[PDB]
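Undergrad: Let me begin by handing over the structure; questions about it come next.
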Amino acid sequence: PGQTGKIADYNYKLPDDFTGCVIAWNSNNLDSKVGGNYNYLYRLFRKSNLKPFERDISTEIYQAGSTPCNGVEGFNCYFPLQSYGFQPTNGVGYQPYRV
Amino acid sequence: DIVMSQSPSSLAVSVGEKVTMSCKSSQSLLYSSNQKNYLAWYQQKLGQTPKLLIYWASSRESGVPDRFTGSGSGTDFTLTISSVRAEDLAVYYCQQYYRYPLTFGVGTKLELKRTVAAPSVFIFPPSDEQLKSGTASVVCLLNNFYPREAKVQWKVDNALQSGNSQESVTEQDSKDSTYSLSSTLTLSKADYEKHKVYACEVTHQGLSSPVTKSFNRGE
Amino acid sequence: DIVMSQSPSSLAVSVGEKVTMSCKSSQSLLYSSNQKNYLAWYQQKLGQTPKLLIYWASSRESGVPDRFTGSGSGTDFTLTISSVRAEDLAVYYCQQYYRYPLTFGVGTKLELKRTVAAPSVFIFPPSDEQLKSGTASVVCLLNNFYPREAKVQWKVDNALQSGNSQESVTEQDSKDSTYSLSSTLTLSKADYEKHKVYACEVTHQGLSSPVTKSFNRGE
Amino acid sequence: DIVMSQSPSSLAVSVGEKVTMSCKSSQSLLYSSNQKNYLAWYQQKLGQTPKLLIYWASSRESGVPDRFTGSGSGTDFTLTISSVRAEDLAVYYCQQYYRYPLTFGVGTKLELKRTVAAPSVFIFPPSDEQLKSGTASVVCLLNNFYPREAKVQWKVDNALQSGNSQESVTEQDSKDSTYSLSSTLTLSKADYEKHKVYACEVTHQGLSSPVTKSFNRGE
Amino acid sequence: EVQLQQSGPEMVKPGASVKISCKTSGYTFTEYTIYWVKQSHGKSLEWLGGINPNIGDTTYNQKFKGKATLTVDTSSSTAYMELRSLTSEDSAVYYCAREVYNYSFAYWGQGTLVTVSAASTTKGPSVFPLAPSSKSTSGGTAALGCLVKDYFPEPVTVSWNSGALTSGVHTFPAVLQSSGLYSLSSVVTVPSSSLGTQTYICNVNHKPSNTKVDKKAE
Amino acid sequence: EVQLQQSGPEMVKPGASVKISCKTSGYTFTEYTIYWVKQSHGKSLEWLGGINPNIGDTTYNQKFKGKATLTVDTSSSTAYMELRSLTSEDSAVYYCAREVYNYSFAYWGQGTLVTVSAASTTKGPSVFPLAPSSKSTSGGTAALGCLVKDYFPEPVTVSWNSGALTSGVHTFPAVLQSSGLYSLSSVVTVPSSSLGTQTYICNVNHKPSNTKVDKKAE
Amino acid sequence: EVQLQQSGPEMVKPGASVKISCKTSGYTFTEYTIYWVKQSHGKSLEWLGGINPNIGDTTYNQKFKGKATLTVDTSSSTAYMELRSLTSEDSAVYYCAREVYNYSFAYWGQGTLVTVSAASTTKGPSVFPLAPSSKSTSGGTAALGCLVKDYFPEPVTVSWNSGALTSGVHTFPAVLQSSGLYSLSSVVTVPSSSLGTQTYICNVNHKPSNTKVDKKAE
Ligand SMILES: *[C@@H]1O[C@H](CO)[C@@H](O[C@@H]2O[C@H](CO)[C@@H](O[C@@H]3O[C@H](CO[C@H]4O[C@H](CO[C@H]5O[C@H](CO)[C@@H](O)[C@H](O)[C@@H]5O)[C@@H](O)[C@H](O)[C@@H]4O)[C@@H](O)[C@H](O)[C@@H]3O)[C@H](O)[C@H]2NC(C)=O)[C@H](O)[C@H]1NC(C)=O
Ligand SMILES: *[C@@H]1O[C@H](CO[C@@H]2O[C@@H](C)[C@@H](O)[C@@H](O)[C@@H]2O)[C@@H](O[C@@H]2O[C@H](CO)[C@@H](O[C@@H]3O[C@H](CO)[C@@H](O)[C@H](O)[C@@H]3O)[C@H](O)[C@H]2NC(C)=O)[C@H](O)[C@H]1NC(C)=O
Ligand SMILES: *[C@@H]1O[C@H](CO)[C@@H](O)[C@H](O)[C@H]1NC(C)=O
């Protein structure tokens, strides 16, 4: 509550008046496999601002410049999602948290 | 789309009237989703780099001067300056940011209302100091002439030779209501000793007969 | 067209006295309503611009401490420096905005009386070599003494020639607070070869008897 | 009281070791009250301004990268650089201020080593075309060598000539990470033609055989 | 209030290096990017492009495409656009502009109005005025100017002939001559019946070269 | 806020006019006015007018009445002033500060120097080596110097022992000769009984003109 | 608001003094005392001592004490430094240091370029070509250049062949030889494939004196 971030804006918002509890634990030792973990991503770029408790299921192409992409990508039209590329045998610091 | 580069050159525009900076877009307002337009205006005055003036063809920010008067939509765009003043006399340009490739057009270079006149042709002898430099410089200069696309005729020693003279028009005048062309003659001193007569013949619109003064060998 | 006189004519006054700066107006300044007089006094530092001291004849400016006091009446309101400070060393002006045009005087420059110290004055005999240079520059040096009403005396074989001598002074210093002088001599070629004696004699207040220097041929 | 000795001069430092250069303080510096000591360590880029590393003899400045883990008090002092990078290569200093005066060493240069390699030593005889000016210069120069530990021996007529200059060596080369030590010899033209023998003996560390450069006049 | 300011006089010689910089200010650099423009020194304005540095791939218009090696920096607050084989004809100022999620070129700086030569050899400035010798029987008025030679770079401000007519500021568009420095001329109107009361004096007011010489024509 | 910035000394021959203003900003053209202040080399100031914002009606001082040309720009709330055929006492630096409803001037700009000269180019003064001629019986101490004449523009410094202490640098209150070019020297402290053990060299080292000349006096 | 700028442009002959001061300001005057330290050609900063005008009297390091007799201003918060009996030994880079009650030296100032040279006249660099004498058996690659000796003043960085191969040129720290002029060397290795097929020209860039000379190396 009260924090900011690209995750907190385009991935998952949380109310300031949130009275609750959250549980997390390490679970990346078998839910992943070598070759980069593209299974779990995080949203970076989105044209419409998200509201609290709204789901992000759209995968629209990022629209980088003022000149509209409008279905055609290229210069100033770049893809909005990228993978993690983490290695499976790293510590929890390089690992996701299951919440 | 096609990169805009206006042709033909002339499409008359007036100062102080409903000024029209005419450049059309090859596309209509048919923006596929949610119908958003992408129009700009960058106009270059003396030295100053143009800033944001118009965005999305309908709305300007708070503090943007009301000189812009909304008119035209679709395949056409035209901006009108409100009460053109000395601040509003400059070179004009237009721009859009809708699709590939992005470009800035040629724009419109402003000219103001006044009738065509005759050049101020006069003959001036070269000073003895300048001739010492090894070149003979005779000044033949023109005033009060028009338009943008003109021509100057140069004849040398009864033989039609071109490409040996320098010509360039003067910008929008400040005080004496005059345009001018700078011509510095490019020859060697050797021609001065093997030839005798150096005179300029100007045949622009404003004259009835060309001005040709005659002189005797030795200035 | 309108005359306003400061005072005194001159005053060699010290830092630490109570110096008098007043500037007079044409008529009494007091009107009934708002009971205020439109007038302000200024001080200019050397090189720096004038700065405000008094306004509206009764109070003192925010930023200007109580060193200066607002006083005076009628035509005159007083500029008083209580224990003239180390940063008050500059000229003092008076400014008027009570009757147009804005007409100004020179202001009060507070010099100080000191005992005269004489700089080492010498003159160089011009050889015939100097004629090759094309310019005559004889040197006579004055510096480090007071006041501005000093003298440069030119005697040549008991003949008084005038109309070619000027003076130039510097300002107050911190340690000795005397000045630096520069006087320039330019002579004619006709007098250069027809005589052998040309000199400058300083006879300021601080000497007892004027010294008549002389020299003999042979170095 | 306390005197400080900086060392070593030039020795390679690697990534990830615990740096320890011999900096000596003659007396224990344990400040009696509050048992708090005060120390400052320097880092200066080549020619730059110095900066602090460890203060209070134990603690580092907050917000500084983790290459810096130093401490030391009394007689115990040691600078530590972990992961020495190519820009961290410069000269480091040590200085106490538990007691006036401050004492400063001759300087401690930390270097970076690579695989063994050596440059071919050069000899520089003067060209005879320059003899137009009337001066002849026989110079022995070693340039672009690594490691910095090289030396020049001056022998003329089997007599050791030294103590005629004070040295300040070149820093890192951008091309091959090398250095340069140069000595300049000046003589007169008159004895130049009638004397012939001037040579230097090079004993570079990276050479596998004793190199004896020599020159013959006339081939 | 995002502000980007230009910097650096440009007299570029071909085959040389160039220092690319844009001092971004008014914003943390991870929010808004930089788009660049070239001015064709008195021709139609030329759009080139910019970068959104998230992956870095960019394509410009043809002239600015691939001459040099294209770089970018998301961290030290500098965007990069350069040219190799810089010549006199394309000798132009590196303009860059901040972007807005609505509009691409949003704010400029003070800018640099720079005239560039291709490192031609310097030539000394020699005063060459022209004055008539006999009486001027043309009648009424004339048109003459003074020669300002071997100046680099712009600008100059000129007044003429003791304000006989209150005009006389004239600095015409110049072309590249063979001397490596452009040529200047002016125009003035002066009555011809002033043989003795008025003279032709030209004040060379080229600020860069610090040349100031006058001359009284008898 | 109330910021008025002026700069740039202009040297033009008599008869023309130069374009300098005192630009206010941020407020509607309704209320406040302006003064210009000219100082004439330690003599009286030279006020020339002020601008009335409500109508544009202008003020003249009666003696210099028709000198001022009347202009006003309501949209920018600031105009420009120009003077023609001024006299020598108006030929100096220009200052102004935005007029205050209470008193005249509070905070200033840098200013601009305009002085009326007769088209005279900088002519080098003659420098000669210095050697004593008569015996040193002047009294007090020893002091000698070289006369420097006809310099422009400011400043000029002649060095004694290469100028270590701030003794030997000065700025005279201004006076106008026929060309109005000034004469600056330096002050040195030397014992009177030590004539012969010291060297005295005079060089002109005018920094603005890019002058650096070497000279040995035996 | 700590603002420290050392200042004072002078080019000094032997036998004079030097004054490098710090225009300190920003905080309460008596809170800190700010002291001085000496730098010579990149060696350890030799700390000299300090004087507090709020203390007034003089006591220093015994080693650097007697030569100085110093004034210092409490009002301008400006500290000055001057040692007397100056010779070439104290010709050194001067810094002033800010005291902290936790550590001693963390943040430094600009520094000054103060050199007391032995009256070397300003003379251009005399290029001396170098050619092999015995057989060309240098080994690895060829080495040829132009020797720079007896020049004044510092510095020299040599550009090579009209600004093409201009990365990595180097300059020695400056010392005064018995020759009476600075003798610094700058030379680079040249590729061995250009033995005859390329022309050898030296381009010295002695910027302070503005001298540019050309010479061919065989
Ligand atoms: C249960 O499910 C129903 C229907 O699925 C939900 O009902 C809607 O609830 C919302 C919440 O208030 C109502 O409010 C409206 O919300 C609009 C926002 O939705 C718009 O964007 C959507 C996203 O589209 C992108 O991604 C989808 C991928 O799934 C792609 O299909 C699209 O092409 C796009 O890529 C659109 O799909 C949708 O059409 C809208 O454009 C907002 O715009 C409105 O103004 C309003 O706020 C909405 O009216 C309800 N609609 C219906 C039919 O019920 C309900 O919330 C779910 N949950 C519960 C508890 O009932
Ligand atoms: C920048 O662009 C936004 C619109 O962009 C939108 O941003 C998010 C909210 C998402 O919805 C995006 O999908 C979307 O692209 C401007 O916001 C609004 O723009 C509209 C224009 O269609 C404005 O409508 C009019 O604006 C004029 C301005 O003269 C008003 O006078 C009218 O009354 C009418 O409102 C609308 O006002 C505007 N809203 C706000 C809050 O600004 C945004 O203005 C624009 N900003 C700039 C600086 O260009
Ligand atoms: C210096 O030490 C004092 C202890 O009194 C502390 O308050 C202060 O934060 C220290 N300064 C720094 C920069 O750590």
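If you read the protein sequences in the order shown, they are chains S, B, L, A, G, R and V. So for the first sequence, this note's numbering puts the first residue at 1; every next one is plus one. So for the second sequence, this note's numbering puts the first residue at 100; every next one is plus one. So for the third sequence, this note's numbering puts the first residue at 319; every next one is plus one. So for the fourth sequence, this note's numbering puts the first residue at 538; every next one is plus one. So for the fifth sequence, this note's numbering puts the first residue at 757; every next one is plus one. So for the sixth sequence, this note's numbering puts the first residue at 975; every next one is plus one. So for the seventh sequence, this note's numbering puts the first residue at 1193; every next one is plus one. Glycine is no exception: its CB is placed at the ideal position from the N, C-alpha and C atoms.
#1: For ligand 3, is there any heavy atom lying closer than 7 Å to the beta carbon of residue 571 of chain A?
#2: If we call anything under 8 Å between Cβ atoms a contact, is residue 88 of chain S one with residue 32 of chain S?
#3: Quick check: the region 579-586 of chain A against the region 620-629 of chain A, are there 3 or more CB pairs under 8 Å?
#4: Rounded to whole angstroms, what's the CA-CA distance from residue 373 of chain L to residue 398 of chain L? Just pull it up for me.
#5: Could you check whether residue 706 of chain A and residue 718 of chain A sit closer than 8 Å to each other, using their CB atoms as the reference points?
#6: Out of S:10, S:1, S:34 and S:36, which one is the CA nearest neighbour of residue 20 of chain S?
#7: Under a three-way DSSP split, which group does residue 816 of chain G fall into?
#8: Within 10 angstroms of its Cβ, does residue 212 of chain B collect 16 or more other Cβ (buried), or is it exposed?
#9: Are there three or more Cβ pairs, one per stretch, closer than 8 Å when the region 65-78 of chain S is compared with the region 844-861 of chain G?
#10: With 16 as the cutoff for other CB atoms within 10 Å, does residue 1027 of chain R come out buried or exposed?
#11: What does residue 1208 of chain V touch in chain R if you count any residue whose Cβ is under 8 Å from its own?
#12: CA-CA distance, residue 1387 of chain V and residue 1336 of chain V?
#13: Could you tell me whether any non-hydrogen atom of ligand 4 is closer than 7 Å to the CB of residue 574 of chain A?
#14: At the level of alpha carbons, what is the spacing between residue 636 of chain A and residue 1292 of chain V?
#15: For residue 370 of chain L, report the span of its beta strand (DSSP E) as first-last.
#16: Which residues, in chain order, does the region 1120-1132 of chain R contribute to contact with chain L at a C-beta distance below 8 Å?
#17: Please state the DSSP three-state secondary structure of residue 702 of chain A.
#18: From residue 36 of chain S to residue 1353 of chain V, what does the alpha carbon distance come to, in whole angstroms?
#19: Name the DSSP beta bridge partners of residue 968 of chain G, please?
#20: Counting only Cβ pairs nearer than 9 Å, list the residues of chain V close to residue 769 of chain G.
#21: Any heavy atom of ligand 2 within a distance shorter than 7 Å of the CB on residue 170 of chain B?
#22: What residues from chain A crowd round residue 1397 of chain V, counting only those whose CB sits closer than 7 Å?
#23: So, is residue 314 of chain B buried or exposed, given that buried needs 16 or more other C-beta atoms within 10 angstroms?
#24: Per DSSP, residue 597 of chain A is paired with what?
#25: Smallest Cα separation from residue 978 of chain R: which of R:987, R:1041, R:994 and R:1094?
#26: Shorter than 8 Å from the beta carbon of residue 68 of chain S to some beta carbon of chain B?
#27: Would you say the beta carbon of residue 11 of chain S is closer than 7 Å to some non-hydrogen atom of ligand 3?
#28: Any heavy atom of ligand 1 within a distance shorter than 7 Å of the CB on residue 61 of chain S?
#29: For chain A, is any of its Cβ atoms less than 8 Å away from the one on residue 1381 of chain V?
#30: For the beta strand (DSSP E) that residue 1341 of chain V lies in, which residues bound it at each end?
#31: Who are the Cβ neighbours of residue 438 of chain L in its own chain at under 8 Å, not counting the five residues just before and after it?
#32: Can you pull the chain G neighbours of residue 75 of chain S, defined as C-beta to C-beta under 7 Å?
#33: Would you list, in chain order, the members of the region 865-880 of chain G that have their beta-carbon closer than 7 Å to a beta-carbon of chain R?
#34: Tell me whether residue 144 of chain B sits in a helix, a strand or coil according to DSSP, three-state version.
#35: Does the beta carbon of residue 783 of chain G fall short of 7 Å from some heavy atom of ligand 2?
#36: In the structure shown, what three-state DSSP assignment does residue 410 of chain L receive?
TA: In this structure, then:
#1: no
#2: yes
#3: yes
#4: About 13 Å.
#5: yes
#6: S:1
#7: coil
#8: exposed
#9: yes
#10: With 16 or more Cβ atoms within 10 Å of its Cβ, residue 1027 of chain R is classed as buried.
#11: 1135, 1136 and 1138
#12: 10 Å
#13: Absent from the structure shown: ligand 4. Ligands present: ligand 1, ligand 2 and ligand 3.
#14: Rounded to whole angstroms, residue 636 of chain A to residue 1292 of chain V spans 15 Å at the Cα level.
#15: 368-373
#16: 1120, 1121 and 1123
#17: In the structure shown, residue 702 of chain A sits in coil (DSSP, three-state: anything other than H, G, I, E or B).
#18: 51 Å
#19: BP columns for residue 968 of chain G are empty, so no partner.
#20: 1354 and 1355
#21: Incorrect: residue 170 of chain B has no Cβ contact closer than 7 Å to ligand 2.
#22: What residue 1397 of chain V touches in chain A: nothing, since even the nearest Cβ is about 17 Å away.
#23: exposed
#24: A:591
#25: Checked all of R:987, R:1041, R:994 and R:1094; the closest Cα to residue 978 of chain R is R:994.
#26: yes
#27: no
#28: no
#29: Under the Cβ distance rule, residue 1381 of chain V counts among the residues neighbouring chain A, one pair being separated by less than 8 Å.
#30: For residue 1341 of chain V, the enclosing beta strand (DSSP E) begins and ends at 1338-1341.
#31: 459
#32: Neighbourhood of residue 75 of chain S in chain G, by CB distance below 7 Å: 805, 814 and 815, in chain order.
#33: none
#34: Residue state, collapsed to three classes: coil.
#35: no
#36: strand
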